[PDB]
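Worksheet for the structure shown next.
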Amino acid sequence: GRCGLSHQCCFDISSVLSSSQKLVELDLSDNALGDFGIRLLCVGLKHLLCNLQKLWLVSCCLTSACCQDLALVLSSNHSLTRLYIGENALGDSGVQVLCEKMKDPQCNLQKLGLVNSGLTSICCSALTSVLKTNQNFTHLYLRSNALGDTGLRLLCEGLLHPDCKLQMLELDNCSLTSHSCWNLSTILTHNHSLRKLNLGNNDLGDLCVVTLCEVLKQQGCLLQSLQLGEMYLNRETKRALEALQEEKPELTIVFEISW
Amino acid sequence: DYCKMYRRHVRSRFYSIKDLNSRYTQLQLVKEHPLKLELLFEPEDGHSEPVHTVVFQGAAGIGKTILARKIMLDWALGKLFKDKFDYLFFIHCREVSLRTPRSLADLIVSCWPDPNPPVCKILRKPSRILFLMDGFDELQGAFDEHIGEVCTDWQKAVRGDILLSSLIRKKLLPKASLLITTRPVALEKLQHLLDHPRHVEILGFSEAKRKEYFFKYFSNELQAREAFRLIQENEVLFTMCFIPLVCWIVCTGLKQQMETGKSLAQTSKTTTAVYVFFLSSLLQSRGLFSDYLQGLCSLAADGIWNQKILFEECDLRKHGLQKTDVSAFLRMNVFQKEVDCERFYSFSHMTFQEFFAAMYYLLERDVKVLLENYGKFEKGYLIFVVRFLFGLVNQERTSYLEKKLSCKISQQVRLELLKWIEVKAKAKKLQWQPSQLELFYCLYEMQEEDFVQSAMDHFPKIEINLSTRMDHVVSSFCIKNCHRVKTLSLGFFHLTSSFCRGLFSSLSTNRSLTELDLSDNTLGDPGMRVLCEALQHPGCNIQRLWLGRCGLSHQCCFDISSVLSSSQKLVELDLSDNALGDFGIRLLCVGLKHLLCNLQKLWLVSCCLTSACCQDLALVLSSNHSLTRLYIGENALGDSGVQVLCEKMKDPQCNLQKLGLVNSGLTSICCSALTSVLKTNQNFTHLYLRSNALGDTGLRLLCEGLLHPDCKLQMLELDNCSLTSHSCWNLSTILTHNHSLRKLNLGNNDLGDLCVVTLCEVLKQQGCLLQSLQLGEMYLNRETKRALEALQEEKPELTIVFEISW
């Protein structure tokens, strides 16, 4: 991670990923594995039978032009189930590939960190497809992404598929109308989809957290936690939020903004 | 003073033409020589110091005169035009085409005379006069545009022949800038004519601004989108949507179809097809007109046949079928008479005229003289003529037209075209004659299987250079119907993934026999990706793949390794002058060794690699035995690979006949490895050490390597060195002891007179070598020359010594 590294390692590590029967995770972080070395990586992964568990391509300066190969190796292998691609240089136009990674069950990809993407609508539509179809898809770490209200709306529409087991989820950056959060809370009430959630730099307004605290107040939607940061909202929101946890510890915590 | 009234005259002239102000989308200006109309005429001293002129080029039929008119009107209106010039004159040579000897002709409508003498007086100091002459293709006469016999006066007030006054005014003492518009058919008359010009290509509708043109032409809601997208869904008509004449003809050709409804994308295949559909749509409610069309037809073609493109307000038509049908034709063809603006009648851009010329031969002369006159400058290039001829002669269109027009058409012409194809097969002067590209155009436009097969049979090798996607499609069509074509060289001049994928799925149908070259062409990131999936299917594929000086990088390496594994037909593969730096040589070698491949050559010449991959080269060389010809020509390696160099061939049965070598570093160790290979390895026929810093001790131990007898080493070379003139004696004596090699070269070797003296003595007495010897670039004294010139005639055993300069 962050090591002085380049494309050359790719074939090498592919070779050892083939010949290794002991490695279970391998991290490639902040290292200039630009592209086509991701191809060498994926061919090394799929060609033999390897007991790989994690695979981190975080901040590796790749593009969508290798995501198809990532999907191929993900389909072929089943040992790999934890695939961070964290906020590298991809986004839209990989969206069809993003979906067809998990277009069927038995993919076995528990967590899937995501990227600073581009056009929200199509990628979040692929996310809805994976959420409604794929089993054991425990996390979806969309973070610092230009995702819109329509995007997250169709995301909760993806949550509308019941029996979809999706644990901890996150929507970091967005600008929504304060009914969308109401839809996600109500859909959690309808079915205990996830456990916690984060809202980061989301400009949501007082009424947003007001609806949030009411819906959690009456048989709370989520069951574990919720994290809110960096708002300058008025303080009767704080009074309502500080009230509700002591009567109901179901919402174990809301991350207090500053006070 | 005079500028203002005529700048308004030209505004009035070019504003009414269609409008066309809010009906225009910018086309592309390109000058590669491996744009911005503003400041088009920099005389800046980068590469264009003394230039005064530019030529507009582009794809066949851009309406180019339209772009000339747009530039004219843009200056006339200004529009941030810093006036580098006081006058830009639009010459409509389509009218100036006459044989009459005319002086400076700045009047057009025959108004009150321009201030011609003071115009000549505002010449000397300011060179702010310019003549936008257009329609050079229509300079008629007797195709006589050679060097002018007689010049003209500078005052230009003399009414000399435009052949003898205007052309020479262009030639010498022009004093003004120049911009000419014409197609690249047969212009070299004016270019072997010295001009020191530039050239710029014009490119038509790309997808996005073609959509913009569709929005601007159609109303913003009636047909702006649904027609656009329904013709998008066509696998074709987007190949031609690039060409502006096709876009203008489909935009005007579809406003009549909402009255009918849902008849847009039908029977739309090729340029001939769309022209026929448009003409039928115009002439739908006319049938009477069966004779009117024939009368107009049997006279239109003579405009270029007799080479009187101008009809003289259609007085020849007044002779032939002048009725109210003429008024109807003018009404539906508003751009016929209005362009002349005073009395005169003509056609829009002579393309419907050439379509009517095709109609002529469709209805009922002799085809012999036309095919003889193909592409000349007397009947008018015949390009679009023969294009439409081929488009029509398609048998289904033949039946349709013979039923529609009540006309008999001859099938002999099909054979004539055949004959023509063998002739241009045997025409060795293909550089200054029509290319293979328009032949491909025609065979595609005529869509006959057996005919295209027979046409391609006459051509075993193809040389084209793609510019349009229409070029891509016609190339795909012709090549997927080839059986007697061996080599396929293609010139890419830029998505390309699917294009070349089709181009070589045509090779997947060329399983009869094929050979491939793609050199000096930049295959992009998926340019590497093409031809890999193509080689990835079994069958009969390319025996010999060439990628030399191509735009290429590391990415291809894995790809080609894959195809080198999956290919059972490739026998050689070249990677020349291409930036396959390193570790892609590893991908290459793993692809070679992992499977069993029948590879024969392997060229890594000038691929910027280092010694750090030579070990892998040696591993793959040891593993494989099919590979026996391994150029690594003078790339960036040398010493410190030396142990690897040796251990490549440390045993016999290596099977590496020739081994080109590199500009190396420390001589001694590498030449020691060379001695090891020479003394041990069998069937090592060549050793091309060239332009290498090899020393006298180096070559000395090399001949010591030659001291091992029974070593079969053919032709050898030592290019650059500085030896004492006994070393050459040792090599000659060791050849005398054992006939090791056949010839040798000594290049920039400073050897002295005594060297060649010893050489000629030892060869004189039962010559060491038996085939040849090459010596270049010495300034040695001449009694050496006398001895060398003597010895060969008495003993031809030394068949030749390369004479230095005399």
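Positions of Cβ are backbone-derived with ideal geometry, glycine not excepted, and every protein chain shown enters the neighbour counts. Values in this text are rule-based calculations from the coordinates and carry no lab data.
Close contacts from region B:642-653, counting a first residue that is closer than 9 Å to B:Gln615 by Cα and a second that is assigned to a helix (DSSP H, G or I) and among the hydroxyl-bearing types (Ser, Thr, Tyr), with Cβ to Cβ under 8 Å and a gap of 6+ residues or different chains, come to B:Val644/B:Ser611; B:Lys648/B:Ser622. Just one of the listed residues (B:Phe238, B:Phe205, B:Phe228) is within 30 Å of B:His33 (Cα to Cα), hydrophobic (A, V, I, L, M, F, W, C) and in contact with a helix residue (DSSP H, G or I) (Cβ under 6 Å, 6 or more places away or on another chain), namely B:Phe205. Whether a residue is out of contact with any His (no Cβ under 9 Å at 6 or more places or on another chain) and within 14 Å of chain B (Cβ to nearest Cβ) was assessed, and A:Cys50 does not pass this test. Test A:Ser14 against the criterion of being of a type in the set (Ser, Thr, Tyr) and under 22 Å from B:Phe583 (Cβ atoms), and give yes or no. For A:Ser14, the condition - of a type in the set (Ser, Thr, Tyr) and under 22 Å from B:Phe583 (Cβ atoms) - is met.
Within region B:641-760, which helices (runs of 4 or more DSSP H) (wholly inside it) include 2 or more residues that are of a type in the set (D, E, K, R) and out of contact with any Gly (no Cβ under 8 Å at 6 or more places or on another chain)?
Working: elements: B:642-648, B:667-680, B:696-706, B:727-737.
Answer list for region B:641-760: B:642-648, B:696-706.
Of all residue pairs spaced 6 or more apart or on separate chains, those with beta-carbon atoms under 9 Å, a first member in region B:59-72 that is closer than 18 Å to B:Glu95 by Cβ and a second member that is surrounded by fewer than 21 Cβ atoms within 10 Å (Cβ to Cβ) and charged (D, E, K, R) are B:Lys64/B:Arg183; B:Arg69/B:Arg13; B:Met72/B:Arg13. A single member of B:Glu49, B:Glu44, B:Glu38 is surrounded by fewer than 18 Cβ atoms within 10 Å (Cβ to Cβ), within 20 Å of B:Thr181 (Cα to Cα) and of a type in the set (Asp, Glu), and it is B:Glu38. Here A:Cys123 does not qualify as more than 21 Å from A:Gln68 (Cβ to Cβ) and touching a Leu at 6+ places or on another chain (Cβ under 7 Å). Restricting region A:53-69 to residues that are within 14 Å of another protein chain (Cβ to nearest Cβ) and outside any loop (DSSP other than H, G, I, E, B) leaves a set whose member that is farthest from A:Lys111 (Cα to Cα) is A:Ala65. Within region B:359-384, the set of residues being under 25 Å from the mean Cα position of the chain (by Cα), farther than 13 Å from B:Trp420 by Cβ and assigned to a helix (DSSP H, G or I) comprises B:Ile383, B:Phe384.
Checked against the criterion of being among the hydroxyl-bearing types (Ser, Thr, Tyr) and under 30 Å from B:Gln682 (Cβ atoms), the candidates B:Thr733, B:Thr784 yield just one match: B:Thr733. The set of residues from region A:88-104 being under 15 Å from the mean Cα position of the chain (by Cα) and in a helix (DSSP H, G or I) comprises A:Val95, A:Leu98, A:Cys99, A:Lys101.
Would you confirm whether or not region A:36-45 contains a residue that is assigned to a loop (DSSP other than H, G, I, E, B), within 14 Å of chain B (Cβ to nearest Cβ) and touching a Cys at 6+ places or on another chain (Cβ under 9 Å)? If you could, list the steps in order and put the result at the bottom.
First, pick out the residues of region A:36-45 that are assigned to a loop (DSSP other than H, G, I, E, B): A:36.
When the remaining residues are screened for being within 14 Å of chain B (Cβ to nearest Cβ), the result is A:36.
Filter once more, so that each one left must be touching a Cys at 6+ places or on another chain (Cβ under 9 Å): A:36.
Checked region A:36-45: at least one residue is assigned to a loop (DSSP other than H, G, I, E, B), within 14 Å of chain B (Cβ to nearest Cβ) and touching a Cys at 6+ places or on another chain (Cβ under 9 Å).
Scanning region B:733-777 for residues that are in contact with a strand residue (DSSP E or B) (Cβ under 9 Å, 6 or more places away or on another chain) and either acidic (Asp, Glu) or more than 15 Å from B:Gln792 (Cβ to Cβ) (or both) gives B:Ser740, B:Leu741, B:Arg742, B:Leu744, B:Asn745, B:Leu746, B:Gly747, B:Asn749, B:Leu751, B:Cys755, B:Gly776.
For the residues B:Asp559, B:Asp577, the requirement of being touching a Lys or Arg at 6+ places or on another chain (Cβ under 6 Å), more than 20 Å from B:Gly641 (Cβ to Cβ) and not small (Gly, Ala, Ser) singles out B:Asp577. A single member of B:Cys247, B:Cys241 is surrounded by 20 or more Cβ atoms within 10 Å (Cβ to Cβ) and assigned to a helix (DSSP H, G or I), and it is B:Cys247.
Which one is surrounded by the most Cβ atoms within 10 Å (Cβ to Cβ) among residues in region A:14-35 that are within 13 Å of chain B (Cβ to nearest Cβ) and over 15 Å from A:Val58 (Cα atoms)?
A:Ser14
Considering region B:154-188 alone, what residues qualify as being part of a helix (DSSP H, G or I) and more than 27 Å from B:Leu37 (Cβ to Cβ)? Selection gives B:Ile168 alone.
Taken over region B:296-346, the residue count meeting the criterion of being surrounded by fewer than 17 Cβ atoms within 10 Å (Cβ to Cβ), of a type in the set (A, V, I, L, M, F, W, C) and assigned to a loop (DSSP other than H, G, I, E, B) is 4.
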